[PDB]
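*Asks:* structure_9.cif is the file, holding mmCIF, C-alpha atoms:
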data_protein
#
loop_
_atom_site.label_atom_id
_atom_site.label_comp_id
_atom_site.auth_asym_id
_atom_site.auth_seq_id
_atom_site.Cartn_x
_atom_site.Cartn_y
_atom_site.Cartn_z
CA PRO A 1 -81.36 13.71 21.28
CA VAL A 2 -79.44 16.50 23.08
CA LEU A 3 -80.40 14.67 26.18
CA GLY A 4 -77.86 12.07 25.13
CA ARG A 5 -76.80 8.50 25.34
CA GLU A 6 -73.12 9.52 25.18
CA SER A 7 -72.36 12.88 26.87
CA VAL A 8 -73.54 16.30 27.88
CA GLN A 9 -73.74 18.88 25.14
CA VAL A 10 -74.51 22.57 25.08
CA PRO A 11 -77.37 22.91 22.57
CA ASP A 12 -76.11 23.76 19.12
CA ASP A 13 -77.93 25.62 16.36
CA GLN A 14 -79.67 22.50 15.06
CA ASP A 15 -81.06 21.66 18.52
CA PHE A 16 -82.82 25.03 18.65
CA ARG A 17 -84.19 24.42 15.14
CA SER A 18 -85.44 20.92 15.96
CA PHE A 19 -87.13 22.26 19.09
CA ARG A 20 -88.90 25.05 17.26
CA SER A 21 -89.87 22.68 14.45
CA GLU A 22 -91.20 20.34 17.14
CA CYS A 23 -93.40 23.10 18.56
CA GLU A 24 -94.76 24.15 15.15
CA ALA A 25 -95.34 20.55 14.02
CA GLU A 26 -98.89 19.21 14.11
CA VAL A 27 -98.58 15.82 12.45
CA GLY A 28 -97.97 13.26 15.16
CA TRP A 29 -99.84 15.38 17.72
CA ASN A 30 -103.45 14.88 18.77
CA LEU A 31 -105.48 17.74 20.21
CA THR A 32 -106.70 17.02 23.74
CA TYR A 33 -108.01 20.38 25.00
CA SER A 34 -108.87 23.76 23.47
CA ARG A 35 -110.66 26.52 25.37
CA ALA A 36 -110.04 30.27 25.67
CA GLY A 37 -106.85 30.38 23.61
CA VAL A 38 -105.18 27.46 25.45
CA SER A 39 -104.73 24.13 23.67
CA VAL A 40 -103.03 20.89 24.73
CA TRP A 41 -101.60 18.25 22.37
CA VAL A 42 -100.20 14.85 23.15
CA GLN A 43 -97.78 12.91 20.95
CA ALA A 44 -99.91 10.78 18.67
CA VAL A 45 -98.72 7.35 19.73
CA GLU A 46 -101.34 7.04 22.62
CA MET A 47 -99.52 3.93 24.01
CA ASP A 48 -100.15 4.51 27.68
CA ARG A 49 -97.26 2.38 28.78
CA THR A 50 -94.59 5.00 27.97
CA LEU A 51 -94.10 8.62 28.94
CA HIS A 52 -95.75 10.93 26.41
CA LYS A 53 -94.45 14.27 25.23
CA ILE A 54 -96.91 17.07 26.03
CA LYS A 55 -97.39 20.33 24.12
CA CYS A 56 -99.36 23.34 25.36
CA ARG A 57 -99.96 26.51 23.34
CA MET A 58 -101.35 29.75 24.74
CA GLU A 59 -102.26 32.98 22.96
CA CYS A 60 -101.33 36.08 24.98
CA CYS A 61 -103.23 38.99 23.50
CA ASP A 62 -101.96 41.70 25.88
CA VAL A 63 -98.45 40.71 27.00
CA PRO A 64 -95.42 41.22 24.72
CA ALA A 65 -92.94 38.46 23.94
CA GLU A 66 -90.14 40.21 25.86
CA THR A 67 -92.21 40.23 29.05
CA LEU A 68 -93.00 36.53 28.77
CA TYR A 69 -89.26 36.02 28.12
CA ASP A 70 -88.26 37.87 31.31
CA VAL A 71 -90.74 35.82 33.34
CA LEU A 72 -89.41 32.50 32.08
CA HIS A 73 -85.85 33.65 32.82
CA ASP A 74 -86.42 35.28 36.23
CA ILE A 75 -85.48 32.58 38.76
CA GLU A 76 -86.16 34.96 41.65
CA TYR A 77 -89.71 35.74 40.47
CA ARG A 78 -90.57 32.00 40.26
CA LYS A 79 -91.15 31.84 44.00
CA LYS A 80 -93.58 34.76 43.76
CA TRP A 81 -96.08 33.07 41.41
CA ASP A 82 -95.15 29.34 41.33
CA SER A 83 -97.09 27.74 44.17
CA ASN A 84 -95.23 24.40 43.91
CA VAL A 85 -91.55 25.45 43.89
CA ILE A 86 -89.52 24.72 47.03
CA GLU A 87 -86.06 25.86 45.94
CA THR A 88 -84.77 27.08 42.58
CA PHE A 89 -81.45 28.68 41.64
CA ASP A 90 -78.76 28.56 39.00
CA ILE A 91 -75.60 26.62 39.83
CA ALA A 92 -73.06 27.61 37.21
CA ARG A 93 -72.66 29.05 33.75
CA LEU A 94 -71.37 27.13 30.73
CA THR A 95 -71.52 29.65 27.87
CA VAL A 96 -72.93 33.15 27.53
CA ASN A 97 -76.39 31.63 26.84
CA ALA A 98 -76.21 28.25 28.63
CA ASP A 99 -76.15 27.40 32.33
CA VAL A 100 -76.93 24.69 34.88
CA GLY A 101 -79.62 25.07 37.52
CA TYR A 102 -81.68 23.45 40.24
CA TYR A 103 -85.43 23.24 40.82
CA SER A 104 -87.47 21.56 43.62
CA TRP A 105 -91.23 21.27 43.91
CA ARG A 106 -93.74 19.70 46.25
CA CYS A 107 -96.07 16.85 45.41
CA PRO A 108 -99.22 15.77 47.29
CA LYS A 109 -98.38 13.98 50.60
CA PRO A 110 -98.27 10.26 49.78
CA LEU A 111 -95.81 11.33 47.04
CA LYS A 112 -92.48 12.80 47.89
CA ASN A 113 -91.19 16.18 46.69
CA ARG A 114 -89.15 16.21 43.46
CA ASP A 115 -86.01 17.95 42.18
CA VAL A 116 -84.20 18.34 38.87
CA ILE A 117 -80.78 19.41 37.73
CA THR A 118 -80.97 20.75 34.18
CA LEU A 119 -78.78 22.28 31.51
CA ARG A 120 -80.69 25.30 30.18
CA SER A 121 -79.96 27.28 27.03
CA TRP A 122 -81.70 30.23 25.41
CA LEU A 123 -81.71 31.97 22.04
CA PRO A 124 -83.59 35.03 20.75
CA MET A 125 -84.34 34.26 17.06
CA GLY A 126 -85.30 37.59 15.51
CA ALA A 127 -88.60 38.43 17.06
CA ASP A 128 -88.99 35.02 18.76
CA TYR A 129 -87.34 33.35 21.74
CA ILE A 130 -86.46 29.77 22.60
CA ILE A 131 -85.46 28.46 26.03
CA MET A 132 -84.73 24.72 26.31
CA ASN A 133 -83.45 22.44 29.05
CA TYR A 134 -82.79 18.77 29.80
CA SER A 135 -81.59 16.97 32.92
CA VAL A 136 -77.91 16.55 33.71
CA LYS A 137 -75.73 15.31 36.58
CA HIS A 138 -73.62 17.70 38.62
CA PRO A 139 -71.17 16.00 41.02
CA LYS A 140 -72.04 18.34 43.89
CA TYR A 141 -75.81 17.77 43.47
CA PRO A 142 -76.41 14.03 43.97
CA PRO A 143 -79.93 12.77 44.70
CA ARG A 144 -81.30 13.57 48.14
CA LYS A 145 -82.91 10.80 50.16
CA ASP A 146 -85.92 13.01 50.98
CA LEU A 147 -86.61 13.99 47.33
CA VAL A 148 -87.20 11.99 44.19
CA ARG A 149 -84.76 13.03 41.47
CA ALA A 150 -86.84 13.51 38.34
CA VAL A 151 -85.51 13.60 34.83
CA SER A 152 -86.33 16.26 32.30
CA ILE A 153 -85.89 14.43 28.97
CA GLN A 154 -86.63 17.70 27.15
CA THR A 155 -88.54 20.79 28.31
CA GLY A 156 -88.68 24.21 26.65
CA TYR A 157 -90.60 27.20 25.44
CA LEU A 158 -91.11 28.84 22.06
CA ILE A 159 -92.24 32.46 22.32
CA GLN A 160 -93.53 33.88 19.03
CA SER A 161 -94.17 37.61 18.91
CA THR A 162 -97.47 38.48 17.22
CA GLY A 163 -96.81 42.22 17.20
CA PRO A 164 -96.24 44.72 19.99
CA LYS A 165 -98.03 43.90 23.26
CA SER A 166 -98.88 40.33 22.14
CA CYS A 167 -97.30 36.91 21.66
CA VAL A 168 -97.93 33.17 21.45
CA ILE A 169 -96.04 30.76 23.71
CA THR A 170 -95.75 27.01 23.13
CA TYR A 171 -94.58 24.83 26.03
CA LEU A 172 -93.19 21.40 25.13
CA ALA A 173 -92.10 18.94 27.81
CA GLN A 174 -91.33 15.31 28.51
CA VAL A 175 -90.59 14.75 32.14
CA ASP A 176 -90.19 11.51 34.03
CA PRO A 177 -91.01 12.02 37.74
CA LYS A 178 -89.68 8.45 38.39
CA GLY A 179 -90.66 7.40 41.96
CA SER A 180 -93.76 5.21 42.09
CA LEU A 181 -96.14 6.95 39.72
CA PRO A 182 -97.33 4.90 36.74
CA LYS A 183 -96.32 6.62 33.51
CA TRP A 184 -99.92 6.79 32.26
CA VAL A 185 -100.91 8.53 35.50
CA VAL A 186 -98.21 11.10 34.71
CA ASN A 187 -99.43 11.51 31.11
CA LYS A 188 -103.00 12.12 32.32
CA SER A 189 -102.08 14.43 35.20
CA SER A 190 -99.71 16.66 33.23
CA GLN A 191 -102.36 16.91 30.50
CA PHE A 192 -105.09 17.82 32.97
CA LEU A 193 -103.13 20.51 34.83
CA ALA A 194 -101.29 22.01 31.85
CA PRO A 195 -103.89 24.69 30.92
CA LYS A 196 -104.08 25.80 34.55
CA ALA A 197 -100.31 26.11 34.87
CA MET A 198 -100.09 28.16 31.67
CA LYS A 199 -102.77 30.61 32.78
CA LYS A 200 -101.02 31.05 36.13
CA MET A 201 -97.90 31.97 34.16
CA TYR A 202 -99.98 34.35 32.04
CA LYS A 203 -101.30 36.15 35.13
CA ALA A 204 -97.71 36.38 36.38
CA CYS A 205 -96.73 38.25 33.21
CA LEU A 206 -99.40 40.88 33.99
CA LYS A 207 -98.02 41.47 37.48
CA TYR A 208 -94.36 41.25 36.41
CA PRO A 209 -93.53 44.87 35.35
CA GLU A 210 -94.76 46.26 38.68
CA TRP A 211 -93.07 43.51 40.70
CA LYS A 212 -89.78 43.80 38.80
CA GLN A 213 -89.79 47.58 39.30
CA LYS A 214 -89.62 46.88 43.05
CA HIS A 215 -86.84 44.25 42.67
CA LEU A 216 -83.84 45.79 40.87
CA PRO A 217 -85.54 46.54 37.52
CA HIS A 218 -82.15 47.01 35.80
CA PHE A 219 -80.83 43.59 36.91
CA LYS A 220 -81.66 41.17 34.08
CA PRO A 221 -78.57 39.01 33.49
CA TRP A 222 -80.44 36.96 30.86
CA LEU A 223 -80.40 40.12 28.72
CA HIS A 224 -76.99 41.40 29.93
CA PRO A 225 -74.62 38.47 30.50
CA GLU A 226 -71.96 40.73 32.04
CA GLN A 227 -74.31 40.94 35.05
CA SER A 228 -74.19 37.18 35.79
CA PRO A 229 -72.89 36.43 39.31
CA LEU A 230 -72.41 32.76 38.52
CA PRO A 231 -69.21 30.69 38.49
CA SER A 232 -68.27 28.90 35.28
CA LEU A 233 -68.15 25.17 34.51
CA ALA A 234 -66.46 22.95 31.95
CA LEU A 235 -68.82 20.71 30.00
CA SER A 236 -66.83 17.63 31.06
CA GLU A 237 -67.56 18.27 34.75
CA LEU A 238 -71.18 17.26 34.00
CA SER A 239 -72.55 13.76 33.46
CA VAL A 240 -75.45 12.44 31.41
CA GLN A 241 -78.75 11.84 33.19
CA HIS A 242 -80.45 8.79 31.70
CA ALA A 243 -84.24 8.56 31.76
CA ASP A 244 -83.90 4.85 32.55
CA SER A 245 -80.69 3.23 33.77
#
Any chance you could put this one into structure tokens?
*Replies:*
Amino acid sequence: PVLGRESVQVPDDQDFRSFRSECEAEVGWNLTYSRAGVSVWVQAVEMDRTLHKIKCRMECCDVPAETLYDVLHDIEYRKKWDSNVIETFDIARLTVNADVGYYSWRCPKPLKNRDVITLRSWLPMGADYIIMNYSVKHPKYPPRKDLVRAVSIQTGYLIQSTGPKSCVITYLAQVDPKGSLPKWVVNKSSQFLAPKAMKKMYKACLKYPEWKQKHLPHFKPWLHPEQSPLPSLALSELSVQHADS
């Protein structure tokens, strides 16, 4: 896997293909929920000892693919509609379509808050878009004693345009929150909350054009990479983040 046992890699063309193929694949996935255009699948292994990959698909009848793409890319907007995020920002750029970033979120009070450092890469494929990420180690961002460092084994989005003003988005993730949570508790929780998180994102897409008009509408560095204010990084300055060490 891109998430690797040997070293950090910027996703190549095959990694984008495997990811899309993973989203479109149904064999090896069991349906778990399906109501009002939102469905949730779980990787058909149902061995509750391990961490399961989760897949969530949502039909967006009245938002275009490009708007959903902006919303996934817009780090600044995340704090407007994401009720869990503490801190999120990009750290450095690797290539014109790959960077490294930081994301913190709060967990209910016996649990501690969590953070991730991820390598993210994005690719418009014709009418569709893919954004993927997986966890990585950045020497200036070691774990913090107050936060549990989680590991994103693989997380990403496939946006499929279904015409103007409409699209379908598939979210695929496998995230280990580490800490003290049993893996099967994570599998169940992420399954149970997934449809709610997707519909919150959908509502955000409806409010996005008006919000973005008030917040430098022309500033979209994910579409115009010459606008990026980020420093650059060599791939060898990063280290692999193992799910289990």
*Asks:* So, with all atoms listed in the file as the atoms that count, which of A:142, A:11, A:28, A:195 lies closest to residue A:98?
*Replies:* A:11
*Asks:* One decimal, Å: what's the distance from atom CA of residue A:30 over to atom CA of residue A:150, could you say?
*Replies:*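 If I compute the distance from atom CA of residue A:30 to atom CA of residue A:150, I get 25.7 Å.
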*Asks:* Quick one: which residues end up in the PyMOL selection byres ((chain A and resi 155) around 6) for this structure, as a list in words?
*Replies:*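 So the PyMOL selection byres ((chain A and resi 155) around 6) ends up selecting residues 132, 133, 154, 156, 172 and 173 of chain A.
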*Asks:* From the list A:168, A:201, A:107, A:119, which residue is nearest residue A:91 when using only C-alpha atoms?
*Replies:*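 Smallest distance to residue A:91 is found for A:119.
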*Asks:* Build an axis-aligned box that encloses every atom of stretch 75-86 of chain A listed in the file, pad it by 8 Å on each side, and report its centre and edge lengths in Å to one decimal, as lines of an AutoDock Vina configuration file.
*Replies:*
center_x = -91.3
center_y = 30.1
center_z = 42.9
size_x = 27.6
size_y = 27.3
size_z = 24.3
*Asks:* Run the PyMOL selection byres ((chain A and resi 15) around 12) mentally over the shown coordinates, then write out the matched residues as a PDB file with C-alpha atoms, in the coordinates of the input, using the chain letters and numbers from the document.
*Replies:*
ATOM      1  CA  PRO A   1     -81.360  13.710  21.280  1.00  0.00           C
ATOM      2  CA  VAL A   2     -79.440  16.500  23.080  1.00  0.00           C
ATOM      3  CA  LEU A   3     -80.400  14.670  26.180  1.00  0.00           C
ATOM      4  CA  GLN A   9     -73.740  18.880  25.140  1.00  0.00           C
ATOM      5  CA  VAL A  10     -74.510  22.570  25.080  1.00  0.00           C
ATOM      6  CA  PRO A  11     -77.370  22.910  22.570  1.00  0.00           C
ATOM      7  CA  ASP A  12     -76.110  23.760  19.120  1.00  0.00           C
ATOM      8  CA  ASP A  13     -77.930  25.620  16.360  1.00  0.00           C
ATOM      9  CA  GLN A  14     -79.670  22.500  15.060  1.00  0.00           C
ATOM     10  CA  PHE A  16     -82.820  25.030  18.650  1.00  0.00           C
ATOM     11  CA  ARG A  17     -84.190  24.420  15.140  1.00  0.00           C
ATOM     12  CA  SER A  18     -85.440  20.920  15.960  1.00  0.00           C
ATOM     13  CA  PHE A  19     -87.130  22.260  19.090  1.00  0.00           C
ATOM     14  CA  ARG A  20     -88.900  25.050  17.260  1.00  0.00           C
ATOM     15  CA  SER A  21     -89.870  22.680  14.450  1.00  0.00           C
ATOM     16  CA  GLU A  22     -91.200  20.340  17.140  1.00  0.00           C
ATOM     17  CA  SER A 121     -79.960  27.280  27.030  1.00  0.00           C
ATOM     18  CA  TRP A 122     -81.700  30.230  25.410  1.00  0.00           C
ATOM     19  CA  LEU A 123     -81.710  31.970  22.040  1.00  0.00           C
ATOM     20  CA  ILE A 130     -86.460  29.770  22.600  1.00  0.00           C
ATOM     21  CA  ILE A 131     -85.460  28.460  26.030  1.00  0.00           C
ATOM     22  CA  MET A 132     -84.730  24.720  26.310  1.00  0.00           C
ATOM     23  CA  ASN A 133     -83.450  22.440  29.050  1.00  0.00           C
ATOM     24  CA  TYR A 134     -82.790  18.770  29.800  1.00  0.00           C
ATOM     25  CA  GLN A 154     -86.630  17.700  27.150  1.00  0.00           C
ATOM     26  CA  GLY A 156     -88.680  24.210  26.650  1.00  0.00           C
TER      27      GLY A 156
END
*Asks:* Rounded to one decimal place, report the atom CA of residue A:115-atom CA of residue A:170 distance in Å.
*Replies:*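 Computing the Euclidean distance for atom CA of residue A:115 and atom CA of residue A:170 yields 23.2 Å.
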*Asks:* Fewer than 3 positions away in the same chain doesn't count, so skip those; otherwise give me all residues within 10 Å of residue A:233, counting all atoms listed in the file, as a PyMOL selection string.
*Replies:* chain A and resi 91-95+99-100+230+236-238
*Asks:* Please provide the set of residues having any atom within 7 Å of stretch 4-8 of chain A, restricted to all atoms listed in the file, with same-chain residues fewer than 6 positions apart removed, written as a list in words.
*Replies:*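 Counting only the stated atoms, we get residues 235, 238, 239 and 240 of chain A.
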*Asks:* Report the distance between atom CA of residue A:165 and atom CA of residue A:217 in Å, rounded to one decimal place.
*Replies:*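 Taking atom CA of residue A:165 as the start and atom CA of residue A:217 as the end point, the length is 19.1 Å.
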*Asks:* Applied to the shown file, which residues does the PyMOL selection byres ((chain A and resi 39) around 10) return, written as a PyMOL selection string?
*Replies:* chain A and resi 31-38+40-41+55-59+170+194-195
*Asks:* In the coordinates of the file, take the point (-93.5, 34.9, 31.1) and a cut-off of 12 Å; then, counting only C-alpha atoms, name each qualifying protein, DNA or RNA residue as a count of residues only.
*Replies:* 43
*Asks:* Using all atoms listed in the file, find the one residue out of A:83, A:117, A:102, A:229 that sits nearest to residue A:153.
*Replies:*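 Comparing A:83, A:117, A:102, A:229 against residue A:153, the winner is A:117.
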*Asks:* With distances taken over all atoms listed in the file, which residue among A:106, A:90, A:226, A:114 lies nearest residue A:145?
*Replies:*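 Closest residue, counting all atoms listed in the file: A:114.
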